[PDB]
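Asker: The data below comprise the sequence and an experimental structure of the protein.
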Amino acid sequence: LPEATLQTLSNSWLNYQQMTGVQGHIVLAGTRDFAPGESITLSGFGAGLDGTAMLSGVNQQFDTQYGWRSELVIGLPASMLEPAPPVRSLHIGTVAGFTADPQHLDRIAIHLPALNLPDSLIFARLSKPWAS
Amino acid sequence: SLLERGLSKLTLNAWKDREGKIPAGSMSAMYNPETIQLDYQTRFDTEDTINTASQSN
């Protein structure tokens, strides 16, 4: 279970995949009136491209030809969709004194020397052959 | 002038290497060319800048 409730992480992956749906760029000419969260709208065009689009960034592009061209950016590229970046190794650690579990399981507070954290404690689950 | 009056034809001397150690043949042209021309050409390109207004190439 990644977080306490999985409402927000379920909303968050559905929103970061919507941003890959519509993505492109609007090459404008030379203004500093835009920001990466402005949510501009296209009005005077045909039926294909009319509507409000939310930006992702601006690119300024000073050069000799073309003058100054503030390119706008729409959309986000892709996403990995991991709950956390995975570590798939077996590690060893020492048991760390005694500290009661604030999450009210029976988790045993250990260290991990792969981390250089001698002060902080990590609660870990105990696997028994039988348990019952 | 200053010695005598006789035509000095041009001579085409050829080698094989750049330096001239190894010689090829040679020939002197009858009927001097009546015109020679040497043409120069130096190529420039206008440098561009977006800060200042100084104009060089």
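Answerer: Received it, and whenever you're ready, just let me know what you need. Numbering: from 1, shown residues only, chains lettered A, B, ... in the order given.
Asker: neighbours of residue 46, just the number please.
Answerer: Looking at chain A here, since you left the chain open. Applying other Cβ atoms under 10 Å in any protein chain shown, we find 6 residues neighbouring residue A:46. Yep, even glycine has a C-beta here, placed from its N, CA and C like the rest.
Asker: Not quite, go with chain B.
Answerer: With other Cβ under 10 Å as criterion, residue B:46 counts 8.
Asker: where does it fall, phi/psi-wise?
Answerer: Taking degrees, to the nearest 10, you get phi -70, psi 120 for the backbone angles of residue B:46.
Asker: so what's it closest to, chain neighbours aside?
Answerer: residue B:57 (4.7 Å; Cβ to Cβ, 6 or more residues apart in numbering or on different chains).
Asker: The one you found: what's it in contact with?
Answerer: By Cβ atoms under 8 Å, 6 or more residues apart in numbering or on different chains, the contact set of residue B:57 is B:44-47.
Asker: Go through those and name the one nearest residue A:5.
Answerer: Nearest to residue A:5 among the contacts of residue B:57: residue B:47, at 62.3 Å, using Cβ to Cβ.
Asker: pretty sure residue A:52 is in a strand, no?
Answerer: Yes: using DSSP: H, G, I helix; E, B strand; the rest coil, the assignment for residue A:52 is a strand.
Asker: number of nearby residues for it?
Answerer: Neighbour tally, residue A:52, other Cβ under 10 Å: 9.
Asker: tell me which residues form a beta bridge with it?
Answerer: Residue A:52 has these beta-bridge partners by DSSP bridges: residue A:41.
Asker: do the same with the one 10 residues further on
Answerer: Here residue A:62 sits in beta bridges with residue A:68, as judged by DSSP bridges.
Asker: center of chain B, which residue is that?
Answerer: The centre of chain B sits closest to residue B:38, judged by Cα atoms, centre = their mean, with a distance of 5.8 Å.
Asker: Thanks again, I'm all set now.
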